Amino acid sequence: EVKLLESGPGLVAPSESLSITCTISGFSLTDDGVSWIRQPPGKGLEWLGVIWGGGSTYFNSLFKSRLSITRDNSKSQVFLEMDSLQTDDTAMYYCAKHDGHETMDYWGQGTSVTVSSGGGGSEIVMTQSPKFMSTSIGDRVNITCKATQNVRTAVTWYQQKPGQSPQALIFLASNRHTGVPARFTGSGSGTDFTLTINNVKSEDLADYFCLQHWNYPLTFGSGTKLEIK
């Protein structure tokens, strides 16, 4: 059984370093290489670097300056070290084992690394749910958007059809923009907000998103694509 388990701090303050330990078993560090991957919340997978069975270390150019990958074959451990950590580096960090040098075979449990000064973050994050939705014509669907702070009613809901510009659906949380069909409705005040579409029509196939305008900077929701069966 091939095993890899990450050991990491979990909480790191901005500008500090990061040292994660991949404790491996079931294979030989002399033969197989080990890579470091990270997954930010709601982002794609990001490859950091690799140490090969002979010791050759390659790094992703985006980090290069601040990455270090070492190991200890007697202890069966591979070490990652990153410098000048900031909020952007908040991600789930994995170590993965290759088949010698070709294909990345087996992943570890992953260790979650969160970077925050203690103020929890400062920009106000609008979290949308759901990111995707497959609907039938005539259903009623909800999209919600949650704020990390009371933004009162300073929330605007936009629709953006494919290859077009966004267009205001709801303004001030609950009021329909001019010329908006009465089937789009807005609810909410404070932290949670809800765009509701009754009687889903074919032209509703678009990308919907929220925006807060309580405090700078203005921040949008990640978006929501509406597909129709």
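Residue positions are given as counts along the sequence shown, with the first one as 1.
- Taking the PDB entry as given, 66-74 carries the higher mean Cα B factor of the two stretches 66-74 and 174-182.
- Remark: stretch with higher mean C-alpha B factor among 15-23 and 217-225 is 15-23.
- For the set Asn199, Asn60, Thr194, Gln167, the PDB entry assigns the largest Cα B-factor to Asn199.
- Highest CA B-factor among the listed residues (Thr127, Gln159, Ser84, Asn142): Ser84.
- Among all modelled residues in its chain, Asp31 ranks in the highest third by Cα B-factor.
- Ranked by C-alpha B-factor against the other modelled residues of its chain, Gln149 falls in the lowest third.
- Annotation for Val115: CA B-factor lies in the highest third of the chain's modelled residues.
- Compared with the other modelled residues of the chain, the Cα B-factor recorded for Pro41 ranks in the highest third.
- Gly55: CA B factor in the middle third of modelled residues in this chain (values from the PDB entry).
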